[PDB]
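Q: Following this line is protein.txt, made up of compact mmCIF, C-alpha atoms and all ligand atoms:
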```
# COMPACT_ATOMS: atom_id res chain seq x y z
CA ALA R 1 -45.77 45.66 81.45
CA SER R 2 -48.52 43.38 80.16
CA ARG R 3 -49.33 42.81 76.48
CA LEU R 4 -52.85 41.91 75.36
CA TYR R 5 -53.39 38.59 73.60
CA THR R 6 -56.44 36.54 72.70
CA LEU R 7 -56.86 32.79 72.55
CA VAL R 8 -59.87 31.05 70.99
CA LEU R 9 -60.96 27.45 71.54
CA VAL R 10 -63.47 25.95 69.15
CA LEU R 11 -65.19 23.52 71.49
CA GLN R 12 -68.09 21.41 70.27
CA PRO R 13 -69.96 18.83 72.37
CA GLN R 14 -67.65 15.91 71.47
CA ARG R 15 -64.51 17.52 70.08
CA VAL R 16 -62.14 20.48 70.15
CA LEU R 17 -60.15 22.06 67.30
CA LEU R 18 -56.46 22.65 67.87
CA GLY R 19 -53.81 23.89 65.49
CA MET R 20 -50.29 22.50 65.23
CA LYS R 21 -48.08 25.57 65.01
CA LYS R 22 -45.35 25.18 62.43
CA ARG R 23 -43.11 28.15 63.33
CA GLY R 24 -42.68 30.95 65.87
CA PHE R 25 -43.88 31.02 69.47
CA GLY R 26 -45.46 27.70 70.39
CA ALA R 27 -44.04 25.91 67.33
CA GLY R 28 -44.32 22.15 67.57
CA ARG R 29 -47.30 22.21 69.90
CA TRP R 30 -51.07 22.01 69.48
CA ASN R 31 -52.41 25.49 70.20
CA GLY R 32 -55.74 27.27 70.17
CA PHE R 33 -55.99 30.27 67.87
CA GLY R 34 -54.81 33.62 69.04
CA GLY R 35 -52.37 36.46 68.98
CA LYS R 36 -51.80 40.11 69.81
CA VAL R 37 -54.66 42.59 69.99
CA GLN R 38 -54.12 45.56 67.68
CA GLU R 39 -54.32 49.31 68.22
CA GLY R 40 -57.92 50.49 68.17
CA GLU R 41 -59.23 46.93 68.17
CA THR R 42 -61.47 45.44 70.85
CA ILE R 43 -60.27 42.28 72.51
CA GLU R 44 -63.27 40.36 71.13
CA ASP R 45 -62.71 41.67 67.60
CA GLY R 46 -59.07 40.66 68.00
CA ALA R 47 -60.16 37.14 68.97
CA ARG R 48 -62.47 36.85 65.97
CA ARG R 49 -59.70 38.07 63.66
CA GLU R 50 -57.10 35.65 65.03
CA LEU R 51 -59.46 32.71 64.64
CA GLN R 52 -60.00 33.56 60.97
CA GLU R 53 -56.34 34.26 60.17
CA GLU R 54 -55.06 31.10 61.83
CA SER R 55 -57.82 28.53 61.27
CA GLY R 56 -59.84 29.85 58.33
CA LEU R 57 -63.03 29.71 60.42
CA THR R 58 -65.59 32.46 60.84
CA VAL R 59 -66.94 32.72 64.38
CA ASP R 60 -70.47 33.80 65.12
CA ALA R 61 -70.91 33.75 68.91
CA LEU R 62 -67.79 34.22 71.13
CA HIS R 63 -67.89 33.59 74.87
CA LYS R 64 -65.43 34.86 77.47
CA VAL R 65 -64.08 31.97 79.48
CA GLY R 66 -60.87 33.08 81.11
CA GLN R 67 -57.94 35.38 81.64
CA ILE R 68 -54.44 33.98 82.01
CA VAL R 69 -51.31 35.96 82.68
CA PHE R 70 -48.03 34.36 81.61
CA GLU R 71 -44.64 35.35 82.97
CA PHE R 72 -41.42 34.10 81.39
CA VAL R 73 -38.47 34.60 83.71
CA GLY R 74 -35.94 36.85 82.00
CA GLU R 75 -38.62 38.53 79.85
CA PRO R 76 -40.00 41.93 80.89
CA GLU R 77 -43.39 41.72 79.21
CA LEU R 78 -46.21 39.64 80.66
CA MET R 79 -48.74 38.05 78.32
CA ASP R 80 -52.27 39.00 79.32
CA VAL R 81 -54.30 36.38 77.51
CA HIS R 82 -58.03 36.69 77.12
CA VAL R 83 -59.46 33.25 76.47
CA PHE R 84 -62.64 32.69 74.49
CA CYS R 85 -64.64 29.73 73.38
CA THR R 86 -67.18 29.11 70.67
CA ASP R 87 -69.33 26.20 69.53
CA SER R 88 -70.81 28.19 66.67
CA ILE R 89 -68.60 28.44 63.59
CA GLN R 90 -68.69 28.75 59.74
CA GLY R 91 -66.26 27.43 57.22
CA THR R 92 -63.98 24.40 57.43
CA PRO R 93 -60.55 24.52 59.03
CA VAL R 94 -57.75 25.56 56.67
CA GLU R 95 -54.20 24.19 56.85
CA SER R 96 -51.64 26.87 56.07
CA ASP R 97 -47.88 27.39 56.15
CA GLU R 98 -48.33 28.49 59.76
CA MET R 99 -50.91 26.14 61.22
CA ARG R 100 -52.29 22.60 60.79
CA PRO R 101 -55.77 22.33 62.39
CA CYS R 102 -57.09 18.98 63.65
CA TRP R 103 -60.17 17.91 65.58
CA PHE R 104 -59.61 15.97 68.82
CA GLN R 105 -62.11 13.90 70.76
CA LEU R 106 -62.29 15.31 74.27
CA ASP R 107 -60.68 12.24 75.84
CA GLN R 108 -57.84 12.37 73.28
CA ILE R 109 -56.62 15.93 73.81
CA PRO R 110 -52.86 15.76 73.23
CA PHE R 111 -51.65 17.40 76.46
CA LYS R 112 -48.13 16.01 76.16
CA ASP R 113 -47.67 18.05 72.97
CA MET R 114 -49.40 21.18 74.27
CA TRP R 115 -48.24 24.05 76.48
CA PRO R 116 -47.90 22.58 79.95
CA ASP R 117 -50.38 24.98 81.55
CA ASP R 118 -53.17 23.61 79.34
CA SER R 119 -53.35 20.51 81.53
CA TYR R 120 -54.40 22.79 84.40
CA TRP R 121 -57.12 24.96 82.86
CA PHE R 122 -58.50 22.81 80.02
CA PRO R 123 -60.45 20.70 82.54
CA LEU R 124 -62.21 23.90 83.57
CA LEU R 125 -62.84 24.96 79.97
CA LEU R 126 -64.35 21.54 79.19
CA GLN R 127 -66.81 21.78 82.08
CA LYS R 128 -67.88 25.33 81.11
CA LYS R 129 -66.15 26.99 84.03
CA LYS R 130 -64.64 30.48 83.93
CA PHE R 131 -61.23 31.17 85.40
CA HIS R 132 -58.36 33.50 86.20
CA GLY R 133 -54.87 32.05 86.03
CA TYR R 134 -51.22 33.03 86.33
CA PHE R 135 -48.34 30.86 85.21
CA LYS R 136 -44.66 31.61 85.76
CA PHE R 137 -42.49 29.79 83.24
CA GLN R 138 -38.79 29.13 82.95
CA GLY R 139 -38.25 28.65 79.25
CA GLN R 140 -41.13 27.01 77.43
CA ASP R 141 -41.33 23.70 79.29
CA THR R 142 -41.19 24.40 83.01
CA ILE R 143 -43.88 25.90 85.21
CA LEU R 144 -42.14 27.37 88.25
CA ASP R 145 -45.30 28.60 90.04
CA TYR R 146 -48.95 29.15 89.21
CA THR R 147 -52.31 30.19 90.49
CA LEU R 148 -55.67 29.25 89.06
CA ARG R 149 -59.14 29.96 90.38
CA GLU R 150 -62.67 29.71 89.06
CA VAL R 151 -64.64 32.93 88.77
CA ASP R 152 -68.22 33.95 88.01
CA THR R 153 -67.06 36.96 85.98
CA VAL R 154 -64.05 36.90 83.68
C1 LIG R 201 -54.42 25.79 74.15
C2 LIG R 201 -53.41 26.89 74.00
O1 LIG R 201 -53.22 27.45 72.93
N1 LIG R 201 -52.73 27.17 75.18
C3 LIG R 201 -51.74 28.17 75.32
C4 LIG R 201 -50.85 28.02 76.37
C5 LIG R 201 -49.86 28.96 76.57
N2 LIG R 201 -49.00 28.80 77.58
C6 LIG R 201 -48.03 29.72 77.77
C7 LIG R 201 -47.85 30.84 76.99
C8 LIG R 201 -48.74 31.01 75.94
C9 LIG R 201 -49.77 30.07 75.70
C10 LIG R 201 -50.71 30.17 74.65
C11 LIG R 201 -50.74 31.32 73.71
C12 LIG R 201 -51.83 32.21 73.90
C13 LIG R 201 -52.00 33.35 73.11
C14 LIG R 201 -51.07 33.63 72.11
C15 LIG R 201 -49.97 32.77 71.90
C16 LIG R 201 -49.00 33.12 70.81
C17 LIG R 201 -49.79 31.62 72.70
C18 LIG R 201 -48.60 30.72 72.45
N3 LIG R 201 -51.67 29.23 74.47
```
Taking this structure as input, can you express it in the form of structure tokens?
Ligand SMILES: CC(=O)Nc1cc2ncccc2c(-c2cccc(C)c2C)n1

A:
Amino acid sequence: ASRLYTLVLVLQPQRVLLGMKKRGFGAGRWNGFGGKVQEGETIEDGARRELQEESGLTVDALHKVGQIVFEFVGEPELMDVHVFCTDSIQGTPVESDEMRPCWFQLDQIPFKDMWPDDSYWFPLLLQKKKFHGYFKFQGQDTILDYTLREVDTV
């Protein structure tokens, strides 16, 4: 009862790229770039594809940084999200009907307009730590319970 997703963070030494989602799941928040892994597709290939579709950027090197499972009470399917980061990209970010990308200085990450769990694991991401997390949500705004631990192997 878990569905595979990817999430990609473009993280450079002084800034991170986030995309304001205009519609659908996560609309109105600054998100990384991700989505469902397809049939016959590797998780990493899925991550590379989502980054291109949503941001217009071509990734070169992708690095595994975490796994987060999300539970929404009242929803049977868990999201099994494989989180990646990259500092090595081609292209310039593209604004589309679906997504408005913007660069943020690392001290100006807009956590109040991001998914609430980001506040918990972004600090780890920023310091190049790897992690496993689980967040139980009620609706899209309330974290009921969570676990988060650093790991050596994602
Ligand atoms: C920084 C960031 O994006 N954080 C972030 C936080 C999330 N929190 C809860 C559920 C999903 C989240 C997602 C997410 C992950 C993969 C696919 C999709 C559609 C979404 C909404 N991303």

Q: Around ligand LIG 201 (chain R), which protein and nucleic acid residues have at least one atom no more than 7 Å from it, if we count only C-alpha atoms and all ligand atoms? List them as a PyMOL selection string.

A: chain R and resi 5-7+25-26+30-36+70+81+114-118

Q: Place a sphere of radius 7 Å on (-63.1, 19.6, 72.0) in the file coordinates and name every protein, DNA or RNA residue with an atom inside or on its surface, counting only C-alpha atoms; give the answer as number ranges by chain.

A: R: 10-17, 104-106

Q: Could you give me, as an NGL selection string, the residues that sit within 12 Å of (-46.9, 35.1, 85.8) in the file's coordinates, counting only C-alpha atoms?

A: :R and (1-2 or 67-81 or 117 or 132-138 or 143-148)

Q: Can you work out the spacing between atom CA of residue 130 of chain R and atom CA of residue 56 of chain R in Å, to one decimal?

A: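 Atom-to-atom, atom CA of residue 130 of chain R and atom CA of residue 56 of chain R are spaced 26.1 Å apart.
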
Q: Measuring atom to atom with only C-alpha atoms, identify which of R:121, R:89, R:126, R:99 is nearest to residue 149 of chain R.

A: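 Of the candidates, the smallest distance to residue 149 of chain R is held by R:121.
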
Q: To one decimal in Å, tell me the separation between atom CA of residue 101 of chain R and atom CA of residue 28 of chain R.

A: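 Pair atom CA of residue 101 of chain R / atom CA of residue 28 of chain R returns 12.6 Å.
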
Q: Atom CA of residue 18 of chain R to atom CA of residue 54 of chain R: how many Å, to one decimal?

A: 10.5 Å

Q: May I have the residues within 7 Å of residue 62 of chain R as a ChimeraX atom specification, using only C-alpha atoms and disregarding those fewer than 4 positions away in the same chain?

A: /R:84-86

Q: Write the residues of the selection above to a file with C-alpha atoms, as a short mmCIF file (atom, residue, chain, number, x, y, z; two decimals), in the coordinates of the input.

A:
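So the final result, stored in result.cif, reads:
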```cif
data_model
loop_
_atom_site.label_atom_id
_atom_site.label_comp_id
_atom_site.auth_asym_id
_atom_site.auth_seq_id
_atom_site.Cartn_x
_atom_site.Cartn_y
_atom_site.Cartn_z
CA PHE R 84 -62.64 32.69 74.49
CA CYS R 85 -64.64 29.73 73.38
CA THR R 86 -67.18 29.11 70.67
#
```

Q: Which one of R:131, R:4, R:60, R:66 sits closest to residue 42 of chain R if you count only C-alpha atoms?

A: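 Of all the options, R:4 lies closest to residue 42 of chain R.
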
Q: Counting all atoms listed in the file, what is within 9 Å of residue 129 of chain R, bar same-chain residues fewer than 2 positions away, as a list in words?

A: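 Here the qualifying residues turn out to be residues 65, 66, 123, 124, 125, 126, 127, 131, 150, 151 and 152 of chain R.
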
Q: Output requested as an mmCIF file, in the frame of the given file - segment 38-54 of chain R, filled out with N, CA, C and O atoms.

A:
```
data_model
loop_
_atom_site.group_PDB
_atom_site.id
_atom_site.type_symbol
_atom_site.label_atom_id
_atom_site.label_comp_id
_atom_site.auth_asym_id
_atom_site.auth_seq_id
_atom_site.Cartn_x
_atom_site.Cartn_y
_atom_site.Cartn_z
ATOM 1 N N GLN R 38 -54.674 44.393 68.366
ATOM 2 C CA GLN R 38 -54.120 45.560 67.680
ATOM 3 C C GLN R 38 -54.600 46.888 68.255
ATOM 4 O O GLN R 38 -55.566 46.954 69.030
ATOM 5 N N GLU R 39 -53.905 47.958 67.871
ATOM 6 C CA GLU R 39 -54.320 49.310 68.220
ATOM 7 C C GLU R 39 -55.702 49.619 67.673
ATOM 8 O O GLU R 39 -55.995 49.350 66.503
ATOM 9 N N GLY R 40 -56.568 50.129 68.542
ATOM 10 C CA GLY R 40 -57.920 50.490 68.170
ATOM 11 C C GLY R 40 -58.894 49.332 68.027
ATOM 12 O O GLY R 40 -60.038 49.518 67.630
ATOM 13 N N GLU R 41 -58.432 48.130 68.349
ATOM 14 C CA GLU R 41 -59.230 46.930 68.170
ATOM 15 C C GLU R 41 -59.716 46.432 69.514
ATOM 16 O O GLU R 41 -58.952 46.440 70.476
ATOM 17 N N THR R 42 -60.979 46.009 69.595
ATOM 18 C CA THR R 42 -61.470 45.440 70.850
ATOM 19 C C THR R 42 -60.877 44.057 71.016
ATOM 20 O O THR R 42 -60.518 43.407 70.030
ATOM 21 N N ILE R 43 -60.797 43.604 72.258
ATOM 22 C CA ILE R 43 -60.270 42.280 72.510
ATOM 23 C C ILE R 43 -61.091 41.215 71.772
ATOM 24 O O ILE R 43 -60.523 40.350 71.114
ATOM 25 N N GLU R 44 -62.417 41.321 71.822
ATOM 26 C CA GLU R 44 -63.270 40.360 71.130
ATOM 27 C C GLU R 44 -63.072 40.386 69.616
ATOM 28 O O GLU R 44 -63.019 39.330 68.978
ATOM 29 N N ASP R 45 -62.965 41.581 69.035
ATOM 30 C CA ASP R 45 -62.710 41.670 67.600
ATOM 31 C C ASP R 45 -61.361 41.053 67.262
ATOM 32 O O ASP R 45 -61.217 40.390 66.232
ATOM 33 N N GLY R 46 -60.380 41.278 68.138
ATOM 34 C CA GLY R 46 -59.070 40.660 68.000
ATOM 35 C C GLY R 46 -59.167 39.145 67.980
ATOM 36 O O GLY R 46 -58.508 38.492 67.167
ATOM 37 N N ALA R 47 -59.991 38.596 68.877
ATOM 38 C CA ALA R 47 -60.160 37.140 68.970
ATOM 39 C C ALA R 47 -60.789 36.592 67.688
ATOM 40 O O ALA R 47 -60.348 35.586 67.153
ATOM 41 N N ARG R 48 -61.813 37.279 67.188
ATOM 42 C CA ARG R 48 -62.470 36.850 65.970
ATOM 43 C C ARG R 48 -61.501 36.877 64.782
ATOM 44 O O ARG R 48 -61.483 35.962 63.949
ATOM 45 N N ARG R 49 -60.680 37.924 64.722
ATOM 46 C CA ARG R 49 -59.700 38.070 63.660
ATOM 47 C C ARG R 49 -58.653 36.962 63.706
ATOM 48 O O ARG R 49 -58.320 36.376 62.674
ATOM 49 N N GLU R 50 -58.118 36.692 64.899
ATOM 50 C CA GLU R 50 -57.100 35.650 65.030
ATOM 51 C C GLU R 50 -57.653 34.304 64.619
ATOM 52 O O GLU R 50 -56.954 33.514 64.001
ATOM 53 N N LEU R 51 -58.891 34.009 65.010
ATOM 54 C CA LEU R 51 -59.460 32.710 64.640
ATOM 55 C C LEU R 51 -59.504 32.561 63.120
ATOM 56 O O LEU R 51 -59.136 31.531 62.573
ATOM 57 N N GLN R 52 -59.934 33.611 62.431
ATOM 58 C CA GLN R 52 -60.000 33.560 60.970
ATOM 59 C C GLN R 52 -58.621 33.436 60.320
ATOM 60 O O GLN R 52 -58.388 32.551 59.499
ATOM 61 N N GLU R 53 -57.691 34.290 60.726
ATOM 62 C CA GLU R 53 -56.340 34.260 60.170
ATOM 63 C C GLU R 53 -55.631 32.928 60.352
ATOM 64 O O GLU R 53 -54.899 32.478 59.461
ATOM 65 N N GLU R 54 -55.827 32.298 61.505
ATOM 66 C CA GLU R 54 -55.060 31.100 61.830
ATOM 67 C C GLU R 54 -55.749 29.778 61.495
ATOM 68 O O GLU R 54 -55.077 28.773 61.247
#
```
